[PDB]
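Asks: First the structure, which I've put down as structure tokens, then a few questions once you've had a look.
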Amino acid sequence: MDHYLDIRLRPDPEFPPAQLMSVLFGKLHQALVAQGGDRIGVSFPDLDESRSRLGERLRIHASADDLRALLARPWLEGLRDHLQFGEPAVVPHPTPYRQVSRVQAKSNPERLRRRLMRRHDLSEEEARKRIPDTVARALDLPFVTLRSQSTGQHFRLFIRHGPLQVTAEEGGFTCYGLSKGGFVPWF
RNA sequence: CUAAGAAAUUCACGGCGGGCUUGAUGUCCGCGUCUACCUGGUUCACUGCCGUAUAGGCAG
């Protein structure tokens, strides 16, 4: 939008696709989760759904000051020695449809869905008939894993973004702040 | 377009009485199993969820 950023994670053993570098792709958004910051546009610049990975670099869409000096949260650590590092730049001057990043798009509703199936004062024999498992179905959400209390290794993810605009502006805010609808950088 | 072409074996029955298998025995003796290794390929496509409705500070 106003200042699009990137973060290069270098290749190594510890950043392979198993659990040292698989789970740090859709759950490591501590700059928009824990390290400080909540009003950015999530726009991953590696949206290639063939490998099920909607982001290659650490693509983030922010403003001019938020990309130049207002993006110093702890959500960019590990790239000091175990990877490379990025910096801020200008926003998309052309019309890039980069309204897709790590956002609140995901289909893991079976983690707590017994209240929507059989926790409504009934027994447990209606966990798929009254309220089905159709929302707790894993699908091809192109997005890196997550490292929360769901497995010792990484997890699943998704891309909660859509189209992008033609001007320079941060779009709408989802759970991950995925800046869909705003003209972020296309890649 | 075939060693082609076709076809109901059925009904009924008491197997049964008896038995001492015993005696004795030295398995001995000897040995090098070593050498290396990422389980971070999710132990529920998940552990709690507002409406099963890709609805999330989702605890990611």
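The chains in the structure tokens are called A, B, ... from first to last as shown; in each chain the residues are counted from 1, and the ligands are counted from 1 in the order shown.
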What residues in chain A lie within 8 Å of chain B, counting only C-alpha atoms (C1' of nucleotides), written as JSON, numbers by chain?

Replies: {"A": [14, 17, 18, 19, 20, 21, 27, 33, 104, 105, 106, 107, 108, 109, 111, 112, 113, 116, 117, 128, 130, 131, 132, 133, 134, 135, 136, 137, 138, 139, 146, 147, 148, 149, 150, 151, 152, 153, 154, 155, 156, 158, 175]}

Asks: From a backbone DSSP assignment, name each residue in segment 57-106 of chain A labelled strand (DSSP E or B), as an MDAnalysis selection string.

Replies: chainID A and resid 60:62 88

Asks: Give me, please, the distance in Å between atom CA of residue 165 of chain A and atom CA of residue 93 of chain A, quoted to one decimal.

Replies: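 These atoms are spaced 11.5 Å apart.
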
Asks: Tell me, in Å to one decimal, how far atom CA of residue 88 of chain A is from atom CA of residue 185 of chain A.

Replies: 12.4 Å

Asks: Mind checking which residues fall within 9 Å of residue 172 of chain A, counting only C-alpha atoms (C1' of nucleotides), ignoring those fewer than 6 positions away in the same chain, and posting them as a PyMOL selection string?

Replies: chain A and resi 41+178-182

Asks: Measure the distance from atom CA of residue 47 of chain A to atom CA of residue 184 of chain A in Å and round it to one decimal.

Replies: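 Computing it gives 12.9 Å between the two atoms.
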
Asks: When you look at residue 29 of chain A with a cut-off of 12 Å (counting only C-alpha atoms (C1' of nucleotides)), what residues show up, excluding the ones that are within fewer than 5 positions of it in the same chain? I need them as a ChimeraX atom specification.

Replies: /A:23-24,34-38,40,42,44,58-60,73-77,101-104,144-148,157,175-178 /B:60

Asks: Please return as a PyMOL selection string: the residues of chain A that backbone DSSP assigns to alpha helix (DSSP H).

Replies: chain A and resi 64-68
